[PDB]
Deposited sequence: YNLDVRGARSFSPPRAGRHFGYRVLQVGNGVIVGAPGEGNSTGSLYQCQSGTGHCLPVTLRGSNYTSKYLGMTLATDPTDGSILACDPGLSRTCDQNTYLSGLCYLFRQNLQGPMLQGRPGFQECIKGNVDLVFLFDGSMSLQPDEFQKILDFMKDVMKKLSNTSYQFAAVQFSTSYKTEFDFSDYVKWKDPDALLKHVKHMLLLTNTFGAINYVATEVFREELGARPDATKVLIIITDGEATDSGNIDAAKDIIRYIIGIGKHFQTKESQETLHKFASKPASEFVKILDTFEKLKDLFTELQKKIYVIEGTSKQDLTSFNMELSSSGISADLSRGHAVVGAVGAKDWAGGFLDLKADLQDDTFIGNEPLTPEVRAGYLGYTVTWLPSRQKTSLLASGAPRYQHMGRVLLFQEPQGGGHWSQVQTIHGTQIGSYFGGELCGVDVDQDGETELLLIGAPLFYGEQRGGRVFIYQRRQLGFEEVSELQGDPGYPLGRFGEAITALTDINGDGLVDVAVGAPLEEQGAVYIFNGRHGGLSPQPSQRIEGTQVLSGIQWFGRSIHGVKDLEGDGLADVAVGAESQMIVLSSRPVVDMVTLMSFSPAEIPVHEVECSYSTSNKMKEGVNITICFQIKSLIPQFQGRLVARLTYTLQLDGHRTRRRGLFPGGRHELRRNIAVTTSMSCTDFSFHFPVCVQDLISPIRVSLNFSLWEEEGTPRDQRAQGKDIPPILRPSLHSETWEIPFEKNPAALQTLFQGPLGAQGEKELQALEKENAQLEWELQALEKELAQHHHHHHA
């Protein structure tokens, strides 16, 4: 009973939709509110001022797209103050198919400051008709067997794609460039051995910038057989760094893969030099091969990846449907991955690259599980930092997976599985990590099951504590009975310390208990208190309110009067409460 309900403030723009308040986030003197659009409206973000009492829509600067999904995903980094916003409603058509993935925005300073953006888990459109050009290195470094293996690679790719809508062209490049055959030359023959039998190894330098500009302006020409309705794809094959410099702006509309082969790409620094030539993300389009014989192993990856889909990889990934930031590291969930098995994307700091981590192994039982619906960092200092992600639909019951950060030179590994027991309960539909004693080790993982049904209580929140072997279930946060569909657990947040005892406290939203309610659970010695110290009825703050407790955020607030400020979302409303020593 440290939250001053009598002093509550409320915020609502005049044109606010029903889902203004779907997410709330407190940054100095303001609240950021995610407002996903309903019906035909598009979503938006609102910056709400503590002083003026007004909420204003945020103009995304240099953004090309805004769907109704904008506002669904707001996260902030406690270590550096970064804000990540995501719009997981980027839809596009590729022949008769529709793709759906996310667009994410990183505000390093504040919403008015510089913005970075990216498309995590983005699948480029590869149509039925593809105009593909091979641009192969002929530099003086290639021995004749190595140059030949490059020739044979292009042949097997053409051979495996012979009865498709693909049309091919080939350009050798060294100091200068020669078209070894145009698209028309491929249509009139379709014989790879014949098309390339006049190829003579140039034995000079490696002018990659000029080569790419040459391909974009002198090869993709309609009078040479290029189809303007086809996807333009470029496969670059090189064994050394570029000997020129400039830009490839003339080729930016081309989907560009690049393959670095051999001893000259031993260092990660040299491999990095190929990134400016290829499309993003470099994890998809930049292939480093240590030996020339591995050009055969690459045949599947660079061609099976290259219309009626009944089975989907990342085309319907729904990336950015959740996010979390810790210590400068951002991750977003992608529930659609691998036919809605799910997973998460480990983002590069500039949002220009990503790494997908998902279920392992892909078994038929992970399908339609929606892993990555929730993602929550569990940082530690002495122990390894973990990431928890819920698959609330796993086998219609849900589960939570614990992933360990890459340790040393290693990779992400999955270290624990936590099973839900009740069908439809959405076990893992909400997650929250808590470091109660603030020793730098996050020991508590809270798992919401907001749809849990039975015993006259709607929804559950379970407490898991980290032991040596893994997380063990130690307690439950008890909500009031009498609301069997009340969705206790839909929102869980750590409030920092609200009652000045040095221990972190937790809030739990229960948005469908009458007009909504928020429970406050105080931190104690050795964990969390299972009984709440306060319950805040929405009806008390506003009379016509609904969904009170749909989202909660707490922070030690630096301006104003009080120990902590707590923001609570509701239907078309956002409410701010101050924590006080004596209420």
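*Asks:* Missing C-alpha stretches, by deposited numbering?
*Replies:* Coordinates drop out over 307-314, 592-795.
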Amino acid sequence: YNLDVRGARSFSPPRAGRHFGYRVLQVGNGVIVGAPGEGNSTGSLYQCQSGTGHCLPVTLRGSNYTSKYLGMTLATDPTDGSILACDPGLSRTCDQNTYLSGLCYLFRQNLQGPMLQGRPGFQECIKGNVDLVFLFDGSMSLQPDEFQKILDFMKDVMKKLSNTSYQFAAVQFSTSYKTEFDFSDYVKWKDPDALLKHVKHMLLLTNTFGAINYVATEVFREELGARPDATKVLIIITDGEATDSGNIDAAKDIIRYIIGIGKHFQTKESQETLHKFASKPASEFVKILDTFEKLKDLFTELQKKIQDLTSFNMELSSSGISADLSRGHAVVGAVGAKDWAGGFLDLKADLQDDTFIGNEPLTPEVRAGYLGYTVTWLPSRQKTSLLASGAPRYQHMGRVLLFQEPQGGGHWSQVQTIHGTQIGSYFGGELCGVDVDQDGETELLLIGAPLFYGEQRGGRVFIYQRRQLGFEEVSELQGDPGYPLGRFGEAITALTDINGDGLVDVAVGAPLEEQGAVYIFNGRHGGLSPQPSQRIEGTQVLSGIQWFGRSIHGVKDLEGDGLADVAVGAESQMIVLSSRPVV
From here on, numbers count along this sequence of modelled residues.
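*Asks:* On average, which has the higher Cα B-factor in the deposited entry, 184-192 or 399-407?
*Replies:* The stretch with the larger average C-alpha B-factor is 184-192.
*Asks:* Highest mean C-alpha temperature factor of the two stretches 457-465 and 289-297, which is it?
*Replies:* Comparing 289-297 with 457-465, the higher average CA B-factor belongs to 289-297.
*Asks:* Specify which of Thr417, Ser91, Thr421, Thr76 carries the largest Cα B factor in the deposited PDB entry.
*Replies:* That would be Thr421, according to the entry.
*Asks:* Between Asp239, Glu476, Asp156, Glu513, let me know which has the highest C-alpha B-factor in the entry?
*Replies:* Largest recorded C-alpha B-factor: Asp156.
*Asks:* Going by what the PDB entry lists, where does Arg119 fall on CA B-factor within its chain: lowest, middle or highest third?
*Replies:* Its C-alpha B-factor belongs to the lowest third of this chain's values.
*Asks:* Going by the recorded CA B-factors, say which third of the chain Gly554 sits in, lowest, middle or highest.
*Replies:* It falls in the middle third of the chain.
*Asks:* Once the chain's modelled residues are ordered by C-alpha B factor and cut into thirds, is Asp350 in the lowest, middle or highest one?
*Replies:* Lowest third - that is where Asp350 ends up once the chain's C-alpha B-factors are sorted.
*Asks:* State the tercile, meaning the lowest, middle or highest third, of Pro532 with respect to the CA B-factors recorded for its chain.
*Replies:* It falls in the bottom third of the chain.
*Asks:* Splitting the chain's C-alpha B-factors into thirds, which one does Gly113 fall into?
*Replies:* It falls in the top third of the chain.
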